Amino acid sequence: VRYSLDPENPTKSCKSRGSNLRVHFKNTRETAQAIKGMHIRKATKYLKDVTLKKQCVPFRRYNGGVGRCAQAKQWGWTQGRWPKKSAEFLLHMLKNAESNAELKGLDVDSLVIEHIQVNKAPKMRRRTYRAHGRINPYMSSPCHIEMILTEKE
RNA sequence: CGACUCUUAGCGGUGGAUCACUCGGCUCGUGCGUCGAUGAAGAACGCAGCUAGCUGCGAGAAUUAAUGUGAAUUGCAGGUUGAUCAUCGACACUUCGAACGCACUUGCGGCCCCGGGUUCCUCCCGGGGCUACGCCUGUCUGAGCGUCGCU
Ligand SMILES: [Mg+2]
Ligand SMILES: [Mg+2]
Ligand SMILES: [Mg+2]
Ligand SMILES: [Mg+2]
Ligand SMILES: [Mg+2]
Ligand SMILES: [Mg+2]
Ligand SMILES: [Mg+2]
Ligand SMILES: [Mg+2]
Ligand SMILES: [Mg+2]
């Protein structure tokens with residue numbers, strides 16, 4: 001599958017991919033920007049802390065009306081949330097990348113998430129009912145998620 | 001440095017433009033110029049080993065016979081003295097519908113002939129053929145203090 005970014009060392013790099021994932025794209029982008037510079041153990045621990053509301057995802061671009069928490073000050077930001085479903089989906093995908101690395105025989109504890117990006121999947125359609133006999137869209141915003149690990153010691 | 005924002009490029013998404021195709025339309029021209037009470041057009045309901053739609057067909061129901069052709073149909077199974085296709089002149093063609101026994105509930109009949117029932121004794125059941133309107137010619141039966149003739 002044609003990836004967006006090629007790895008600098010494909011022997012020591014593994015890939016994972018997911019398409020048409022029923023997650024909010026904006027929450028997925030902000031948490032992937034949080035994951036993007038991390039080692040795999042730190043990323044797994046921080047994604048568990050997001051679901052347990054111990055560490056937050058800073059909302060940097062899509063932050064309109066997003067409330068302010070105390071835990072965002074570790075990121076140099078004021079607005080943060082804890083997207084649970086979005087943290088679990090790219091934890092399942094991170095486990096898939098773990099399983100793909102173990103298949104290639106790469107070292108488990110040296111994996112650093114080198115590339116990750118979130119794209120917009122095709123939007124799927126439902127319908128809501130408004131006043132004065134008007135019917136409005138109830139569109140979902142699913143996402144494609146892409147990541148590449150790299151042995152970085 | 002970092003976040004955020006702007007511009008450009010690479011790659012990836014969203015979207016289906018452009019191009020190239022076309023068993024489709026539009027227009028012109030030619031030949032023929034054919035429906036129906038022997039039941040038309042239209043509609044309804046059914047019919048396939050696995051079948052919803054489209055198509056084809058009518059209880060003989062994706063067809064029967066005959067003729068031409070000549071080894072297939074096919075998504076999967078099953079089984080040359082002619083498989084399949086095409087032609088189509090034979091046979092068949094459920095219900096409503098001008099729609100025809102009366103009505104349109106799928107209801108109520110009447111007449112005749114058969115088979116069970118019975119042993120012609122009417123019942124009951126099943127089957128078949130008739131039972132609409134208008135109108136032409138002829139037949140039969142009639143009507144009139146209509147016009148007459150005769151006993
Ligand atoms: Mg903003
Ligand atoms: Mg506001
Ligand atoms: Mg409402
Ligand atoms: Mg209303
Ligand atoms: Mg770009
Ligand atoms: Mg059928
Ligand atoms: Mg035949
Ligand atoms: Mg033949
Ligand atoms: Mg009634």
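Order of the sequence lines fixes the chain letters, A, B, ..., with proteins taken first and strands second; residue numbering starts at 1 for each chain.
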[atom1] atoms of [N] and [M], separation to the nearest Å:
N: B:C113; M: B:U84; atom1: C1'; answer: 49 Å
N: B:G56; M: B:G78; atom1: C1'; answer: 24 Å
N: B:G109; M: B:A103; atom1: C1'; answer: 11 Å
N: B:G101; M: B:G128; atom1: P; answer: 15 Å
N: B:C57; M: B:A44; atom1: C1'; answer: 16 Å
N: B:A99; M: B:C104; atom1: P; answer: 14 Å
N: B:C54; M: B:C47; atom1: P; answer: 15 Å
N: B:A90; M: B:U67; atom1: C1'; answer: 11 Å

Using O4'-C1'-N9-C4 for purines and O4'-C1'-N1-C2 for pyrimidines, with syn meaning within 90° of 0, is [N] syn or anti?
N: B:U8; result: anti
N: B:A71; result: anti
N: B:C120; result: syn
N: B:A62; result: syn
N: B:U80; result: syn

Does [X], at its [atom1] atom, have more than 12 non-hydrogen atoms belonging to other residues, nucleotides or ligands within less than 6.0 Å?
X: A:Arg41; atom1: CZ; answer: yes
X: A:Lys12; atom1: NZ; answer: no
X: A:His39; atom1: NE2; answer: yes

Non-neighbouring partners of A:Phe89 that pass ring-ring contact (aromatic ring centres under 6.0 Å, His included), sequence neighbours left out: none
So do [N] and [M] actually stack on each other, going by six-membered ring centres closer than 5.5 Å and planes off by less than 30°?
N: B:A43; M: B:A44; answer: yes
N: B:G29; M: B:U30; answer: yes
N: B:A41; M: B:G42; answer: yes
N: B:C113; M: B:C114; answer: yes
N: B:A71; M: B:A72; answer: no

In Å, rounded to the nearest 0.5 Å, how long is the span from [atom1] of [X] to [atom2] of [Y]?
X: A:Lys95; Y: A:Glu98; atom1: NZ; atom2: CD; answer: 8.0 Å
X: A:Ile148; Y: A:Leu111; atom1: CD1; atom2: CG; answer: 13.0 Å
X: A:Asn100; Y: A:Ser16; atom1: CG; atom2: OG; answer: 6.0 Å
X: A:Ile116; Y: A:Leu5; atom1: CD1; atom2: CG; answer: 12.5 Å
X: A:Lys45; Y: A:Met38; atom1: NZ; atom2: CE; answer: 11.0 Å
X: A:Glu88; Y: A:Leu47; atom1: CD; atom2: CG; answer: 8.0 Å

Please confirm whether the backbone N or O of A:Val66 pairs with a side-chain atom of A:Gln79, one donor and one acceptor, at under 3.5 Å? yes
Is [N] paired with [M], either Watson-Crick or G-U wobble, both distances below 3.5 Å?
N: B:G68; M: B:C135; result: no
N: B:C108; M: B:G101; result: yes
N: B:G146; M: B:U27; result: no
N: B:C50; M: B:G75; result: yes
N: B:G13; M: B:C4; result: no
N: B:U64; M: B:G107; result: no
N: B:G49; M: B:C76; result: yes
N: B:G53; M: B:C111; result: no

Who passes side-chain contact (heavy atoms from CB on, under 4.5 Å) against A:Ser99, sequence neighbours left out? A:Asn96
Kindly state which residues belonging to residues 4-11 of chain A come within less than 4.0 angstrom of RNA chain B, counting heavy atoms of the residue only, listed by number. A:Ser4, A:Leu5
Using atom OH of A:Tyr62 as one end and atom P of B:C4 as the other, report the distance to the nearest whole Å. 10 Å
Considering every strand shown, what is the Watson-Crick or G-U wobble mate of B:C123 when both distances are under 3.5 Å? none
Nucleotide paired to B:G46 in any strand shown, Watson-Crick or G-U, under 3.5 Å: B:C57
Kindly give the atom pairs (protein nitrogen or oxygen, nucleotide nitrogen or oxygen) under 3.5 Å for nucleotides 1-3 of chain B.
{"residue": "B:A3", "atom": "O2'", "partner": "A:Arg60", "partner atom": "NH1", "Å": "2.6"}

Where do N or O atoms of nucleotides 13-16 of chain B meet protein N or O atoms at under 3.5 Å, pair by pair?
{"residue": "B:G13", "atom": "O2'", "partner": "A:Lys120", "partner atom": "O", "Å": "2.7"}

Under 3.5 Å, which donor-acceptor pairs link side chains of residues 127-147 of chain A to any protein atom two or more places apart or in another chain?
{"residue": "A:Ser141", "atom": "OG", "partner": "A:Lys123", "partner atom": "NZ", "Å": "2.4"}
{"residue": "A:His144", "atom": "ND1", "partner": "A:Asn20", "partner atom": "N", "Å": "3.1"}
{"residue": "A:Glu146", "atom": "OE2", "partner": "A:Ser4", "partner atom": "N", "Å": "2.9"}

Taking a positive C1'-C2'-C3'-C4' angle as north and a negative one as south, how is the sugar of [N] classified?
N: B:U106; answer: south
N: B:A62; answer: south
N: B:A41; answer: north
N: B:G101; answer: north
N: B:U80; answer: south

Are A:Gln71 and A:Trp82 linked by a side-chain donor-acceptor pair shorter than 3.5 Å? yes
Between A:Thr150 and A:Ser13, a side-chain donor and acceptor under 3.5 Å: yes
